[PDB]
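K.L.:
The structure's right below; bear with me while I get my questions together.
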Amino acid sequence: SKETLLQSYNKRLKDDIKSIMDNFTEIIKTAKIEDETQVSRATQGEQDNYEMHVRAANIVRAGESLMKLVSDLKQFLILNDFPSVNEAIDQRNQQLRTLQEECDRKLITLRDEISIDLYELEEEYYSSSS
Amino acid sequence: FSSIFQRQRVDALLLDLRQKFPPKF
Amino acid sequence: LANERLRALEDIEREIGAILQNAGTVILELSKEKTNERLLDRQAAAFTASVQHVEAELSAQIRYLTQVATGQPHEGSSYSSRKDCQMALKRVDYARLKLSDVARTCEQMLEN
Amino acid sequence: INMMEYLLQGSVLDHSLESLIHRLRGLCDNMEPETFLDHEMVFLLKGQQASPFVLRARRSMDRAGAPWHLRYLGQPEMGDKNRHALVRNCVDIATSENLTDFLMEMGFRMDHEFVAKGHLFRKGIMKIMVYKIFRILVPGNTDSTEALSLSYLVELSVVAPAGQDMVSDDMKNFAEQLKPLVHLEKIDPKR
Amino acid sequence: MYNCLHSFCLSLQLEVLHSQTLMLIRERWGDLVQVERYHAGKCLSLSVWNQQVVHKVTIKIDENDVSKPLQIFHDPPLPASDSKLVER
Amino acid sequence: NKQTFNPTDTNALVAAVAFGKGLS
Amino acid sequence: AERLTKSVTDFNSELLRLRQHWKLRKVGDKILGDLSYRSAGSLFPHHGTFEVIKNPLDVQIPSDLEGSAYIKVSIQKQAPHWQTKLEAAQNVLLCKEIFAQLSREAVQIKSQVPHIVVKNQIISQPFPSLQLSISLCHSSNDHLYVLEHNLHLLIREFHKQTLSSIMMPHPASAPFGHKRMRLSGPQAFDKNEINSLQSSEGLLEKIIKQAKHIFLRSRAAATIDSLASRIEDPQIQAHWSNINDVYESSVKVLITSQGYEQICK
């Protein structure tokens with residue numbers, strides 16, 4: 001139903017909120033210093049760097065996912081709204097009706113003027129003896 | 001680096017053709 | 001009807017400023033001497049709370065557009081009434097060609 | 001036969017109403033707001049009936065040709081035929097200005113009043129109307145009135161003949177389009 | 001191999017004609033004139049000028065004689081030899 | 001977040017016009 | 001960081017046109033829109049549900065609404081791009097029902113001197129010496145235009161009783177109906193007034209009445225032209241009213257002598 005879609009959008013919004021915080025927390029959690037107990041520390045620093053690299057790219061792809069999921073609802077909102085939907089439908093009605101009445105007045109004047117010319121021609125023919 | 005939405009009677013009487021002319025080997 | 005696209009542009013074009021906020025945080029962080037630690041801390045706090053008001057903007061955008069979800073009929077035929085001048089206009093053009101033929105019939109009696 | 005009704009009640013503040021009417025022109029046909037105004041007058045007959053023959057007469061002063069219309073409605077019904085709308089017994093006849101003077105003969109008198117002014121829209125059989133109710137002080141005149149409430153008292157009515165049941169499905173399904181905006185209810189006329 | 005395409009395309013012509021009949025029947029009548037018999041790619045009969053407003057025409061084909069198209073023989077009517085109308 | 005509808009006020013409205021209280 | 005700055009600095013710009021110029025709808029995963037006049041008040045069981053595919057973009061109108069078809073009458077003495085596309089399909093969509101009703105009216109209704117139809121040809125013989133053809137010119141890409149140009153307005157006003165507000169009266173006690181029938185309850189109308197207000201007239205009778213009006217005016221013109229050409233002796237004068245009715249007219253005919261017309265009034 002509609003409420004299922006609303007809950008799905010809410011769940012993915014909360015997942016988007018959770019992912020960003022989960023990305024920022026693990027970057028600084030792994031930056032803490034611990035004493036070595038038979039470690040051979042030569043391999044740990046490159047591991048920490050190579051794990052930091054993917055965690056920052058996780059933030060980058062989280063921003064990209066935000067950009068895409070905002071556009072996902074952009075087309076959802078654009079199809080069912082009411083800012084001027086009941087308003088812009090009638091604003092084209094009277095605008096074209098004004099032109100309709102202007103053309104009606106123009107054709108009325110042309111008809112009257114023409115008919116005058118026709119009667120003038122008629123009485124010009126009647127002016128001749130015929 | 002589709003259908004004409006008349007195939008159902010087309011195929012039905014074509015089915016009548018398959019029980020009269022079956023495929024023959 | 002451009003208000004919500006302006007809100008979406010506010011959501012989008014803020015993110016460049018967010019990138020610059022993160023950059024100004026990290027460059028001041030990697031500096032050995034930081035006289036303006038307050039500027040660094042307010043950059044970090046602004047980046048923290050500003051993604052939050054972007055979320056608030058998204059929530060306001062969807063809540064303003066939530067409960068208007070239905071179908072919409074484009075009622076009336078405004079183009080049908082609009083085209084009602086055009087056949088009168090071509091009738092006027094028919095009268096124009098009729099009077100042009102009247103003039104052409106008036107032409108040949110002038111020479112002879 | 002004798003017809004019956006279906007009434008849904010509610011009260012919505014006017015500041016949030018402006019979006020709701022956006023839906024009214026977004027699903028129905030091309031109707032415009034009307035803002036009709038009526039005068040309402042309560043009368044009753046003190047007959048031998050246990051419940052007095054109490055009725056409410058309307059008259060639209062703004063529109064000519066609409067005469068005095070009496071509405072005699074019955075007691076509330078607790079039937080299982082319709083659990084979400086008011087089931088009432090009504091007889092509705094329109095008569096001219098010979099109504100009010102004729103009603104003085106059987107002792108129809110001053111009970112109360114409420115002036116109705118607002119919009120009405122329809123879609124098939126459902127009629128949703130959003131109107132202001134006005135209360136009078138010094139009831140002799142009609143100009144010394146005031147708003148009986150600030151929240152708009154919104155009603156929805158469906159008329160049906162005798163019988164013709166199985167209607168609660170369509171009204172509920174059409175109200176599901178407007179459930180986040182409005183919460184209609186079947187309230188008792190008492191308490 | 002001629003005789004099989006003889007059989008099947010004529011049946012395919014019968015396919016076309018049997019389809020053509022039923023798509024005409026559904027719509028264009030004012031119901032004043034109706035259909036009496038009709039077969040699966042074989043034949044058809046109709047009635048016109050019926051008893052409530054009688055005359056019939058039966059359209060058949062043979063299962064041989066490729067030289068001839070779907071038959072048009074008068075039923076109850078049997079019109080006189082028209083120098084155009086029967087010929088039409 | 002705001003109470004545009006008020007059930008107590010609605011129940012007062014449906015009872016105020018029922019009989020004669022709050023008029024004198 | 002720099003990858004997304006240049007990636008964001010037109011898709012939704014055109015998407016705000018189809019909501020305003022036409023009717024928009026969403027189902028499943030695809031955006032569509034109807035073409036029928038249900039919103040304009042047409043009770044025809046058909047939906048012109050065209051779809052939209054993002055590419056620019058494109059609209060896709062389904063079958064049975066393609067080509068060009070119109071109506072042509074003839075008397076005879078013989079025994080952006082998407083905006084254009086949607087209305088072009090809608091014209092044929094309306095012409096579907098136009099000649100459907102026109103064809104079924106000729107057969108379903110008994111008439112004096114009835115006419116025929118073959119496939120799209122109403123051949124009518126109103127008068128013994130007059131016959132006219134009405135044709136659904138289905139081009140699937142001599143004539144008088146006034147009849148069908150008026151018929152467009154006839155069906156447009158035939159959409160109006162499905163679209164106007166006469167059947168929504170003001171009172172709550174009067175849900176629907178006409179004002180005259182509401183008056184007839186208390187103020188009982190006379191027997192003439194009961195049956196004068198009701199009117200159920202077919203389109204074709206009005207069409208043939210207009211044709212008879214035009215033909216009779218042409219015949220009167222032929223008589224007065226025969227009078228003018230044959231008889232120029234006193235003088236001939238014909239004058240017509242500048243305002244006219246659809247059925248009846250009023251004309252002035254003067255046959256007055258050559259020299260002293262001002263006396264013989």
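Identifiers for the structure tokens are assigned positionally: chains receive A, B, ... in sequence, residues are indexed from 1 per chain, and ligands are indexed from 1 in the order shown.
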With only C-alpha atoms counted and 12 Å as the cut-off, give the residues of chain E in contact with chain G, each with its shortest interatomic distance in Å and the pair that gives it, as CSV.

P.N.:
```
residue,atom,partner,partner_atom,distance
E:24,CA,G:119,CA,11.2
E:27,CA,G:104,CA,10.1
E:28,CA,G:104,CA,8.3
E:29,CA,G:107,CA,8.5
E:30,CA,G:108,CA,5.7
E:31,CA,G:108,CA,8.8
E:32,CA,G:108,CA,9.0
E:33,CA,G:107,CA,11.5
```

K.L.:
Within 12 Å of chain G, which residues of chain A come that close, and what is the closest atom pair and distance in Å for each? Count only C-alpha atoms and give it as a Markdown table.

P.N.:
```
| residue | atom | partner | partner_atom | distance |
| --- | --- | --- | --- | --- |
| A:56 | CA | G:1 | CA | 10.4 |
| A:57 | CA | G:1 | CA | 9.9 |
| A:59 | CA | G:1 | CA | 10.0 |
| A:60 | CA | G:1 | CA | 7.2 |
| A:61 | CA | G:4 | CA | 10.2 |
| A:62 | CA | G:4 | CA | 11.8 |
| A:63 | CA | G:4 | CA | 8.8 |
| A:64 | CA | G:4 | CA | 7.8 |
| A:65 | CA | G:4 | CA | 11.6 |
| A:66 | CA | G:4 | CA | 11.7 |
| A:67 | CA | G:4 | CA | 9.5 |
| A:68 | CA | G:8 | CA | 11.6 |
| A:71 | CA | G:12 | CA | 10.0 |
| A:72 | CA | G:29 | CA | 11.8 |
| A:74 | CA | G:12 | CA | 8.6 |
| A:75 | CA | G:12 | CA | 8.0 |
| A:76 | CA | G:26 | CA | 9.0 |
| A:77 | CA | G:26 | CA | 11.1 |
| A:78 | CA | G:16 | CA | 7.7 |
| A:79 | CA | G:25 | CA | 7.0 |
| A:80 | CA | G:25 | CA | 8.5 |
| A:81 | CA | G:19 | CA | 9.8 |
| A:82 | CA | G:19 | CA | 11.0 |
| A:83 | CA | G:20 | CA | 11.6 |
| A:84 | CA | G:20 | CA | 9.3 |
| A:85 | CA | G:20 | CA | 7.3 |
| A:86 | CA | G:20 | CA | 10.0 |
| A:87 | CA | G:20 | CA | 10.3 |
| A:88 | CA | G:20 | CA | 7.4 |
| A:89 | CA | G:20 | CA | 7.4 |
| A:90 | CA | G:20 | CA | 11.0 |
| A:91 | CA | G:20 | CA | 11.1 |
| A:92 | CA | G:21 | CA | 10.0 |
| A:108 | CA | G:242 | CA | 10.9 |
| A:111 | CA | G:242 | CA | 9.1 |
| A:112 | CA | G:242 | CA | 8.5 |
| A:113 | CA | G:242 | CA | 11.7 |
| A:114 | CA | G:242 | CA | 11.1 |
| A:115 | CA | G:242 | CA | 8.0 |
| A:116 | CA | G:242 | CA | 10.4 |
| A:118 | CA | G:239 | CA | 10.3 |
| A:119 | CA | G:239 | CA | 8.5 |
| A:122 | CA | G:237 | CA | 8.5 |
| A:123 | CA | G:237 | CA | 9.3 |
| A:125 | CA | G:237 | CA | 10.2 |
| A:126 | CA | G:235 | CA | 8.2 |
| A:127 | CA | G:258 | CA | 10.8 |
| A:128 | CA | G:258 | CA | 10.5 |
| A:129 | CA | G:258 | CA | 7.4 |
| A:130 | CA | G:232 | CA | 7.1 |
```

K.L.:
Quick one: which residues from chain C are at most 7 Å off chain G, using only C-alpha atoms, as number ranges by chain?

P.N.:
C: 16, 19, 71-77

K.L.:
Within 8 Å of segment 3-10 of chain F, counting only C-alpha atoms, which residues show up once you throw out same-chain ones fewer than 6 positions away? Write them as a list in words, please.

P.N.:
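Near neighbours after the sequence-gap exclusion: residues 10, 11, 12, 13, 16, 151 and 153 of chain D.
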
K.L.:
Got time to write the residues from that selection, C-alpha atoms, as a PDB file, in the first residue's frame?

P.N.:
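Full text of part.pdb as output:
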```
ATOM      1  CA  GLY D  10     -15.814  16.966  12.472  1.00  0.00           C
ATOM      2  CA  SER D  11     -14.216  20.312  13.210  1.00  0.00           C
ATOM      3  CA  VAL D  12     -11.209  21.686  11.313  1.00  0.00           C
ATOM      4  CA  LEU D  13      -9.441  24.998  11.905  1.00  0.00           C
ATOM      5  CA  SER D  16      -5.095  24.379   7.639  1.00  0.00           C
ATOM      6  CA  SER D 151     -12.897  25.941  13.939  1.00  0.00           C
ATOM      7  CA  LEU D 153     -17.611  22.577  11.540  1.00  0.00           C
TER       8      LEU D 153
END
```

K.L.:
Can you work out the spacing between atom CA of residue 22 of chain B and atom CA of residue 10 of chain E in Å, to one decimal?

P.N.:
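Distance reported for this atom pair: 16.7 Å.
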
K.L.:
Please report as number ranges by chain which residues of chain D come no farther than 7 Å from chain A, using only C-alpha atoms.

P.N.:
D: 22, 25-26

K.L.:
Neighbouring residues of residue 61 of chain C were defined as those with any atom within 10 Å, considering only C-alpha atoms; residues of the same chain fewer than 6 positions away were excluded. Please report them as a list in words.

P.N.:
residues 77 of chain A; 4, 7, 8 and 55 of chain C

K.L.:
Record the distance separating atom CA of residue 45 of chain D and atom CA of residue 187 of chain G, expressed in Å with one decimal.

P.N.:
27.0 Å

K.L.:
For residue 131 of chain G, find every residue with an atom within 12 Å (counting only C-alpha atoms), except residues of its own chain fewer than 3 positions away, and show them as a PyMOL selection string.

P.N.:
chain G and resi 73-79+113-116+122-128+134+208+211-212+215

K.L.:
Next, the residues of the selection above should be written as a short mmCIF file (atom, residue, chain, number, x, y, z; two decimals), in the first residue's frame with N, CA, C and O atoms.

P.N.:
```
data_model
loop_
_atom_site.label_atom_id
_atom_site.label_comp_id
_atom_site.auth_asym_id
_atom_site.auth_seq_id
_atom_site.Cartn_x
_atom_site.Cartn_y
_atom_site.Cartn_z
N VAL G 73 -19.03 16.64 -46.07
CA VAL G 73 -20.39 16.57 -46.60
C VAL G 73 -20.38 17.16 -48.01
O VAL G 73 -19.60 18.06 -48.32
N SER G 74 -21.26 16.63 -48.86
CA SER G 74 -21.30 17.08 -50.24
C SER G 74 -22.67 16.81 -50.84
O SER G 74 -23.10 15.66 -50.92
N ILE G 75 -23.35 17.87 -51.25
CA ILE G 75 -24.60 17.76 -52.00
C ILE G 75 -24.25 17.30 -53.41
O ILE G 75 -23.19 17.63 -53.94
N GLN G 76 -25.13 16.50 -54.03
CA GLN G 76 -24.82 16.04 -55.37
C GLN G 76 -26.11 15.80 -56.14
O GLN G 76 -27.06 15.23 -55.61
N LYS G 77 -26.13 16.25 -57.39
CA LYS G 77 -27.27 16.04 -58.29
C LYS G 77 -27.04 14.79 -59.15
O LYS G 77 -26.99 14.84 -60.38
N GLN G 78 -26.90 13.66 -58.47
CA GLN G 78 -26.65 12.38 -59.13
C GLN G 78 -27.45 11.29 -58.44
O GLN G 78 -27.67 11.32 -57.23
N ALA G 79 -27.90 10.32 -59.24
CA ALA G 79 -28.63 9.18 -58.72
C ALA G 79 -27.69 8.24 -57.97
O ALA G 79 -27.14 7.31 -58.55
N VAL G 113 -38.35 8.78 -45.05
CA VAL G 113 -37.47 8.53 -46.20
C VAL G 113 -36.06 8.17 -45.71
O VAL G 113 -35.14 9.00 -45.73
N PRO G 114 -35.87 6.95 -45.20
CA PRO G 114 -34.61 6.61 -44.53
C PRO G 114 -33.44 6.53 -45.50
O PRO G 114 -33.60 6.44 -46.72
N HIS G 115 -32.24 6.57 -44.92
CA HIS G 115 -31.00 6.65 -45.67
C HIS G 115 -30.20 5.36 -45.48
O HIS G 115 -30.66 4.41 -44.83
N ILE G 116 -29.00 5.33 -46.06
CA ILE G 116 -28.18 4.12 -46.11
C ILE G 116 -26.79 4.43 -45.59
O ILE G 116 -26.36 5.58 -45.51
N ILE G 122 -22.93 7.95 -45.40
CA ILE G 122 -24.35 8.20 -45.18
C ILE G 122 -24.87 8.91 -46.43
O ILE G 122 -24.62 10.10 -46.63
N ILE G 123 -25.57 8.17 -47.28
CA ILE G 123 -26.17 8.73 -48.49
C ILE G 123 -27.62 9.03 -48.18
O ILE G 123 -28.44 8.11 -48.00
N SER G 124 -27.96 10.31 -48.11
CA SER G 124 -29.28 10.76 -47.68
C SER G 124 -30.04 11.36 -48.85
O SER G 124 -29.47 12.07 -49.68
N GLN G 125 -31.34 11.06 -48.90
CA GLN G 125 -32.26 11.60 -49.91
C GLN G 125 -33.40 12.27 -49.16
O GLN G 125 -34.46 11.66 -48.96
N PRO G 126 -33.22 13.51 -48.71
CA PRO G 126 -34.29 14.21 -47.99
C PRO G 126 -35.46 14.55 -48.89
O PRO G 126 -36.62 14.26 -48.57
N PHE G 127 -35.17 15.16 -50.02
CA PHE G 127 -36.15 15.55 -51.02
C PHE G 127 -36.10 14.60 -52.20
O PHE G 127 -35.09 13.93 -52.44
N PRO G 128 -37.21 14.48 -52.95
CA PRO G 128 -37.18 13.64 -54.17
C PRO G 128 -36.19 14.12 -55.22
O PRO G 128 -35.71 13.30 -56.02
N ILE G 134 -22.55 12.11 -46.74
CA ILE G 134 -21.76 12.39 -45.55
C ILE G 134 -20.71 11.30 -45.45
O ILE G 134 -21.04 10.11 -45.46
N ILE G 208 -30.28 18.30 -40.83
CA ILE G 208 -31.07 18.34 -42.06
C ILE G 208 -32.00 19.55 -42.07
O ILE G 208 -32.33 20.07 -43.13
N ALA G 211 -29.73 22.23 -43.27
CA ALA G 211 -29.54 22.02 -44.70
C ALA G 211 -30.76 22.48 -45.49
O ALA G 211 -30.62 23.09 -46.56
N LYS G 212 -31.96 22.20 -44.98
CA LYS G 212 -33.18 22.67 -45.62
C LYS G 212 -33.27 24.19 -45.60
O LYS G 212 -33.73 24.80 -46.57
N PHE G 215 -30.75 25.43 -48.21
CA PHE G 215 -31.24 25.12 -49.54
C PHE G 215 -32.44 25.98 -49.92
O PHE G 215 -32.58 26.39 -51.07
#
```

K.L.:
Which residues in segment 10-138 of chain D does DSSP call alpha helix (DSSP H)? List them as a VMD selection string.

P.N.:
chain D and resid 17 to 27 98 to 102

K.L.:
Output the contact residues of chain E with respect to chain B at a cut-off of 9 Å, based on only C-alpha atoms, as a list in words.

P.N.:
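Those within range of chain B come out as residues 8, 11, 15, 19, 40 and 41 of chain E.
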
K.L.:
Could you save those same residues with N, CA, C and O atoms as a PDB file, in the first residue's frame?

P.N.:
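Resulting contents of out_25.pdb:
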```pdb
ATOM      1  N   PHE E   8      -3.254 -25.632 -47.735  1.00  0.00           N
ATOM      2  CA  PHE E   8      -3.100 -24.890 -46.498  1.00  0.00           C
ATOM      3  C   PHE E   8      -3.442 -23.419 -46.703  1.00  0.00           C
ATOM      4  O   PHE E   8      -4.069 -22.798 -45.841  1.00  0.00           O
ATOM      5  N   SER E  11      -7.059 -23.090 -46.893  1.00  0.00           N
ATOM      6  CA  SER E  11      -7.469 -23.100 -45.495  1.00  0.00           C
ATOM      7  C   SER E  11      -7.093 -21.793 -44.820  1.00  0.00           C
ATOM      8  O   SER E  11      -7.852 -21.262 -44.004  1.00  0.00           O
ATOM      9  N   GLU E  15      -9.261 -19.370 -43.159  1.00  0.00           N
ATOM     10  CA  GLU E  15      -8.911 -18.737 -41.891  1.00  0.00           C
ATOM     11  C   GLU E  15      -9.245 -17.253 -41.927  1.00  0.00           C
ATOM     12  O   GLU E  15      -9.853 -16.710 -40.995  1.00  0.00           O
ATOM     13  N   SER E  19     -12.371 -15.450 -39.936  1.00  0.00           N
ATOM     14  CA  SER E  19     -12.089 -14.333 -39.040  1.00  0.00           C
ATOM     15  C   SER E  19     -12.846 -13.089 -39.467  1.00  0.00           C
ATOM     16  O   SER E  19     -13.366 -12.348 -38.622  1.00  0.00           O
ATOM     17  N   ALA E  40     -16.918 -23.452 -38.681  1.00  0.00           N
ATOM     18  CA  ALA E  40     -15.500 -23.214 -38.433  1.00  0.00           C
ATOM     19  C   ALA E  40     -14.740 -23.328 -39.744  1.00  0.00           C
ATOM     20  O   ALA E  40     -14.244 -24.398 -40.103  1.00  0.00           O
ATOM     21  N   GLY E  41     -14.648 -22.216 -40.468  1.00  0.00           N
ATOM     22  CA  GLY E  41     -13.935 -22.200 -41.727  1.00  0.00           C
ATOM     23  C   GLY E  41     -14.604 -22.980 -42.829  1.00  0.00           C
ATOM     24  O   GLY E  41     -13.937 -23.355 -43.798  1.00  0.00           O
TER      25      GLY E  41
END
```

K.L.:
Could you check which of C:34, C:14, C:90, C:82 is closest to chain A, using only C-alpha atoms?

P.N.:
C:82

K.L.:
Which of segment 27-99 of chain D counts as strand (DSSP E) under DSSP, as an MDAnalysis selection string please?

P.N.:
chainID D and resid 36:45 53:59 68:73 90:95

K.L.:
Give the answer as one residue: which of A:48, A:93, A:102, A:58 has the shortest atom-to-atom distance to residue 19 of chain A, using only C-alpha atoms?

P.N.:
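Under the stated criterion, the closest residue is A:58.
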
K.L.:
Residues at most 12 Å from segment 174-178 of chain G, counting only C-alpha atoms, excluding those fewer than 6 positions away in the same chain, as a VMD selection string?

P.N.:
(chain D and resid 58 60 65 to 69 92 to 94 120 to 128 157 to 159) or (chain G and resid 161 165 to 168 184 to 185 197 to 198)

K.L.:
Can you write out the residues you just picked, keeping N, CA, C and O atoms, as a compact mmCIF listing (two decimals), in the first residue's frame?

P.N.:
```txt
# COMPACT_ATOMS: atom_id res chain seq x y z
N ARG D 58 -35.10 25.79 6.99
CA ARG D 58 -34.12 26.66 6.38
C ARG D 58 -34.78 27.57 5.34
O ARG D 58 -35.83 27.26 4.78
N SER D 60 -33.05 30.36 2.28
CA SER D 60 -31.91 31.06 1.70
C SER D 60 -32.34 32.46 1.29
O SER D 60 -33.08 32.63 0.31
N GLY D 65 -36.17 32.17 -5.41
CA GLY D 65 -36.75 30.96 -5.94
C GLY D 65 -36.64 29.76 -5.02
O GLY D 65 -37.32 28.75 -5.26
N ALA D 66 -35.80 29.83 -3.99
CA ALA D 66 -35.69 28.75 -3.02
C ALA D 66 -36.62 29.05 -1.85
O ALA D 66 -36.35 30.00 -1.09
N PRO D 67 -37.69 28.30 -1.66
CA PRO D 67 -38.66 28.62 -0.61
C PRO D 67 -38.23 28.04 0.74
O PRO D 67 -37.14 27.51 0.89
N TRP D 68 -39.12 28.18 1.72
CA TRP D 68 -38.87 27.64 3.05
C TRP D 68 -38.88 26.12 3.01
O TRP D 68 -39.85 25.51 2.55
N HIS D 69 -37.82 25.50 3.52
CA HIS D 69 -37.71 24.04 3.48
C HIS D 69 -37.64 23.50 4.90
O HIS D 69 -36.72 23.82 5.65
N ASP D 92 -38.72 15.72 3.69
CA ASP D 92 -38.19 17.01 3.25
C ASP D 92 -39.08 17.58 2.16
O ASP D 92 -39.11 17.07 1.03
N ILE D 93 -39.82 18.64 2.50
CA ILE D 93 -40.74 19.31 1.58
C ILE D 93 -40.43 20.80 1.58
O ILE D 93 -40.14 21.38 2.64
N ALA D 94 -40.49 21.42 0.41
CA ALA D 94 -40.29 22.86 0.26
C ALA D 94 -41.64 23.53 0.00
O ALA D 94 -42.36 23.15 -0.92
N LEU D 120 -19.93 24.19 -0.37
CA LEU D 120 -20.47 22.85 -0.53
C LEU D 120 -19.95 22.27 -1.84
O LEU D 120 -19.93 22.95 -2.86
N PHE D 121 -19.53 21.00 -1.80
CA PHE D 121 -19.05 20.32 -2.99
C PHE D 121 -19.65 18.92 -3.01
O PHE D 121 -20.04 18.37 -1.97
N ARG D 122 -19.72 18.34 -4.21
CA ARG D 122 -20.36 17.05 -4.39
C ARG D 122 -19.48 16.16 -5.26
O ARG D 122 -18.66 16.64 -6.05
N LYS D 123 -19.65 14.85 -5.09
CA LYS D 123 -19.11 13.89 -6.05
C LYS D 123 -20.05 12.68 -6.04
O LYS D 123 -19.93 11.79 -5.20
N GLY D 124 -20.98 12.67 -6.99
CA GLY D 124 -21.97 11.61 -7.05
C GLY D 124 -23.00 11.74 -5.95
O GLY D 124 -23.86 12.63 -5.99
N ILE D 125 -22.93 10.85 -4.96
CA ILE D 125 -23.89 10.86 -3.86
C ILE D 125 -23.33 11.55 -2.61
O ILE D 125 -24.12 11.97 -1.75
N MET D 126 -22.01 11.69 -2.49
CA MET D 126 -21.45 12.34 -1.31
C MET D 126 -21.44 13.85 -1.50
O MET D 126 -21.14 14.36 -2.59
N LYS D 127 -21.81 14.57 -0.45
CA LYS D 127 -21.89 16.03 -0.43
C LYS D 127 -21.10 16.47 0.80
O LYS D 127 -21.55 16.28 1.93
N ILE D 128 -19.92 17.03 0.59
CA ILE D 128 -19.10 17.54 1.68
C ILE D 128 -19.25 19.05 1.75
O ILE D 128 -19.02 19.76 0.76
N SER D 157 -22.49 14.41 3.92
CA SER D 157 -23.83 13.83 3.86
C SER D 157 -23.97 12.95 2.62
O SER D 157 -23.51 13.30 1.53
N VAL D 158 -24.61 11.80 2.81
CA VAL D 158 -24.99 10.91 1.71
C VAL D 158 -26.46 10.56 1.89
O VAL D 158 -26.86 10.07 2.94
N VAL D 159 -27.26 10.82 0.86
CA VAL D 159 -28.69 10.55 0.90
C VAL D 159 -28.95 9.21 0.21
O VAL D 159 -28.30 8.87 -0.78
N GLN G 161 -23.54 19.96 -20.60
CA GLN G 161 -24.44 19.43 -19.58
C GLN G 161 -23.80 18.30 -18.79
O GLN G 161 -24.32 17.91 -17.74
N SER G 165 -22.73 23.68 -14.30
CA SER G 165 -23.14 23.65 -12.90
C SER G 165 -24.64 23.88 -12.72
O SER G 165 -25.07 24.23 -11.62
N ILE G 166 -25.44 23.71 -13.78
CA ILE G 166 -26.88 23.86 -13.66
C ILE G 166 -27.46 22.74 -12.80
O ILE G 166 -28.42 22.96 -12.04
N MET G 167 -26.91 21.54 -12.90
CA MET G 167 -27.39 20.40 -12.12
C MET G 167 -26.77 20.33 -10.73
O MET G 167 -27.00 19.35 -10.02
N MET G 168 -25.98 21.33 -10.33
CA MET G 168 -25.60 21.52 -8.93
C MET G 168 -26.23 22.80 -8.42
O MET G 168 -25.61 23.87 -8.48
N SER G 184 -41.81 23.63 -10.70
CA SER G 184 -43.04 22.91 -11.04
C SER G 184 -43.65 22.17 -9.85
O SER G 184 -44.82 21.79 -9.93
N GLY G 185 -42.90 21.95 -8.78
CA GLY G 185 -43.43 21.31 -7.60
C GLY G 185 -44.43 22.18 -6.87
O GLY G 185 -45.63 21.89 -6.84
N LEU G 197 -40.33 22.66 -21.79
CA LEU G 197 -38.97 22.74 -21.27
C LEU G 197 -38.16 21.49 -21.60
O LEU G 197 -36.95 21.59 -21.84
N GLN G 198 -38.79 20.32 -21.62
CA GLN G 198 -38.07 19.11 -21.99
C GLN G 198 -37.77 19.11 -23.48
O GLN G 198 -38.59 19.54 -24.30
```

K.L.:
Atom CA of residue 11 of chain F and atom CA of residue 187 of chain D are how many Å apart?

P.N.:
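Atom CA of residue 187 of chain D lies 8.5 Å from atom CA of residue 11 of chain F.
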